[PDB]
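Okay, structure first, notes after.
Count residues from 1 along the sequence.
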Amino acid sequence: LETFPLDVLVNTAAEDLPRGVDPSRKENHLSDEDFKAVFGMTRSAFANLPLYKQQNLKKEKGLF
């Protein structure tokens, strides 16, 4: 599991995203500290939200 800075996952052009990052699950590539800061819940709780809600939260945060 490769981890990258929040700014890299939010602002890197799609064509330049590190090859190992799943574009549909950018949040999995945040450090634990950044996931906590960005989502405010555990990774498990976030994954337990309906996918549409995970997506909607991510859209506002630039991680969709």
Side-chain angles (χ1 to χ4, degrees):
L1 182 66
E2 311 168 59
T3 303
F4 297 89
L6 175 63
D7 198 51
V8 166
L9 296 174
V10 173
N11 294 300
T12 296
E15 62 271 18
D16 303 330
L17 200 66
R19 79 178 287 280
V21 176
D22 181 341
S24 292
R25 304 286 171 172
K26 288 179 175 191
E27 73 279 7
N28 286 348
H29 301 273
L30 289 170
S31 63
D32 286 352
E33 291 166 1
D34 278 349
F35 190 96
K36 183 165 177 295
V38 172
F39 296 104
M41 61 184 74
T42 63
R43 290 176 190 275
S44 170
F46 183 77
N48 284 355
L49 289 172
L51 182 62
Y52 84 79
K53 193 68 191 183
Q54 288 179 50
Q55 297 177 329
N56 291 350
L57 285 166
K58 284 165 56 171
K59 291 175 194 299
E60 306 302 284
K61 299 164 181 295
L63 291 167
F64 182 69

Atom pair CZ/CD of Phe64 and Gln55 - distance to nearest 0.5 Å | 5.0 Å
Is the shortest heavy-atom distance from the side chain of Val21 to the side chain of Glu2 under 4.5 Å?
-> no
Got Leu49 and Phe39 here, is their nearest side-chain heavy-atom distance under 4.5 Å?
-> no
Axial cation check for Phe46 ring with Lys58, 6.0 Å and 45° limits | no
Spatial distance of atom CG (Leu57) from atom CE (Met41) [nearest 0.5 Å] = 6.0 Å
When rounded to the nearest 0.5 angstrom, what is the spacing between NZ in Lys26 and OG1 in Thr12?
-> 7.5 Å
When every non-hydrogen atom of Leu30 is compared with those of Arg43, the smallest separation belongs to O-NH2, 2.8 Å
Picking from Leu9, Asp34, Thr3, what satisfies side chain to side chain contact (heavy atoms under 4.5 Å, CB included) with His29?
-> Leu9
Ring pair (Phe, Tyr, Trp, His ring centres under 6.0 Å) partners for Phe4, two or more places apart = none
Side-chain contact test, heavy atoms from C-beta onward, threshold under 4.5 Å: evaluate it for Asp22 versus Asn28 and give yes or no.
-> no
Rounded to the nearest 0.5 angstrom, the CD-CD distance for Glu27 and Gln54 is 6.5 Å
